[PDB]
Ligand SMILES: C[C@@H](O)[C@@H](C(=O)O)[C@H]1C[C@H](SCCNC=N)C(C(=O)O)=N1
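Here we start with a single chain on its own, the form deposited without this ligand, put down as structure tokens.
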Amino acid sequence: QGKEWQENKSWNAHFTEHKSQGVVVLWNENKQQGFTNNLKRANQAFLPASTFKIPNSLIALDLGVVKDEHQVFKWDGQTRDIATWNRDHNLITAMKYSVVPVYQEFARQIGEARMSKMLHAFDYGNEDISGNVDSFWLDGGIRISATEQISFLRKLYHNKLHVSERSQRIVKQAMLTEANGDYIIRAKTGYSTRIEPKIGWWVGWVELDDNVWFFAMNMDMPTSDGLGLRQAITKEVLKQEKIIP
């Protein structure tokens, strides 16, 4: 009651079960109240990695670098380690498969000056694009906490970012991850591997009939083996909190 952030260390049981470490942050939009298993880690800023595809998508769409969610981004012919990257993509499949090369091309066309202005307008993380214009979210200066992800996501949900309503609608479509008669999840995965420590991200929100629960989680990810725990652990927390059955 009235508390801004409440710590619930019982969620650590979900991390410990999988011999892992991290944070889940929830925000109840109706009550304007946050919950986390770790207040400190909740506010620790990391590389966004592929969670950066949300603001990158928005900026690309607003500037006309991406025409719409149907525009085809031709594979450059370089065979990369992730099979799904080695084919043509539109914004939907690029987001779904986390296709870095497509987004690196977006970033180059956006350019450092306009990328910087946009991240300042978005109040995104530390607003620092230092490093390579086409890799800064992977190994440059930009850093964002789970609680800063939620602030940015809430603005996207309410179409309050200083880009077009259309841009915001298309990205929220592109974020669609799961839906049934109980809930809808719009979300984006990330895996930061270029700079220690290696972490997994899942950020987004749960739409219910009468409420929205924003979430941002990150966890230590020494190998790709555990990538599935990003979603599995978040769902164990959403279930415990009765947000999803």
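Start at 1 with the first residue shown and count on from there.
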Greater mean Cα temperature factor according to the PDB record, 142-150 or 124-132: 124-132
34-42 versus 189-197 - which carries the larger mean C-alpha B factor in the record: 189-197
Largest Cα B-factor, entry values, listed residues 155, 108, 172, 96: 108
Selection from 217, 206, 179, 60 [criterion: highest C-alpha temperature factor in the record]: 60
Where the record places residue 22 (Cα B-factor, split into thirds across the chain): lowest
Lowest, middle or highest third - CA B-factor, residue 68: middle
Chain third (lowest, middle, highest) by recorded CA B-factor, residue given as residue 234: lowest
Residue 221, C-alpha B-factor rank within chain (lowest, middle or highest third): highest
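What follows is about the form deposited with this ligand bound, which we do not show.
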In the deposited bound form, the residue from 174, 150, 100, 129 that sits within 4.5 Å of this ligand by heavy atoms: 100
In the deposited bound form, the residue from 87, 160, 166, 120 that sits within 4.5 Å of this ligand by heavy atoms: 166
4.5 Å heavy atom contact, residue 204 and this ligand in the deposited bound form: no
Any non-hydrogen atom of residue 216 within 4.5 angstroms of this ligand in the deposited bound form: no
Residue 43 within 4.5 Å of this ligand in the deposited bound form, heavy atoms: no
Non-hydrogen atom contact residue 33 with this ligand in the deposited bound form at 4.5 angstroms: no
Segment assignment from 111-119, 67-75, 92-100, 141-149: heavy atom within 4.5 Å of this ligand in the deposited bound form: 92-100
